[PDB]
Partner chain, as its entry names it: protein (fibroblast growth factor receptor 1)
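In the block that follows, a single chain appears as structure tokens, in the form deposited without its partner chain.
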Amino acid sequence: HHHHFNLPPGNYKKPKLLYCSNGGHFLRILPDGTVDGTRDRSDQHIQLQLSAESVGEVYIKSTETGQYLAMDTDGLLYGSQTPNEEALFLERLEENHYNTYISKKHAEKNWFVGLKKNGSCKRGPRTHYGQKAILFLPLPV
């Protein structure tokens, strides 16, 4: 492993909203495959169902469209029609409180799922431990 194994206490029984403290946005996967953040809690594309593949590994899926969150070869998040290797993330506890998601495929480069204050996603290479952009809080829908 290239990363620690502190895991968050939550479970995957129910869908969640992934709230980013950085700018106060909910992770969103649009129908056209676009990924970004929105502060609008009424949005129908922010409800996400997480599921464990192996301990500490998860798929993050739009309950509204069935698209899986994934990060491509150049570090961009996108919504995938199918659950592939680019869609697996290492879900870990951070700062003894938050949830962070590292791209499994690009774990050695420390590429995280992250939202900027303006609500746009961060490209993998631009993320890193210590940023507020990578810190999420899963909230009930």
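Residue numbers count along the first chain shown, from 1.
In what follows, reference is made to the form deposited with its partner chain bound, a form of this protein that is not presented.
**Prompt:** Hey, in the bound PDB entry, is residue 54 touching its partner chain, heavy atoms inside 4.5 Å?
**Reply:** Because a heavy atom of residue 54 falls inside 4.5 Å of its partner chain in the bound PDB entry, the answer is yes.
**Asked** So in the bound PDB entry, does any heavy atom of residue 93 sit within 4.5 Å of its partner chain?
**Response** Yes, residue 93 is a contact residue.
**Item:** Contact label in the bound PDB entry: residue 98 to its partner chain, heavy atom within 4.5 Å
**Value:** Because a heavy atom of residue 98 falls inside 4.5 Å of its partner chain in the bound PDB entry, the answer is yes.
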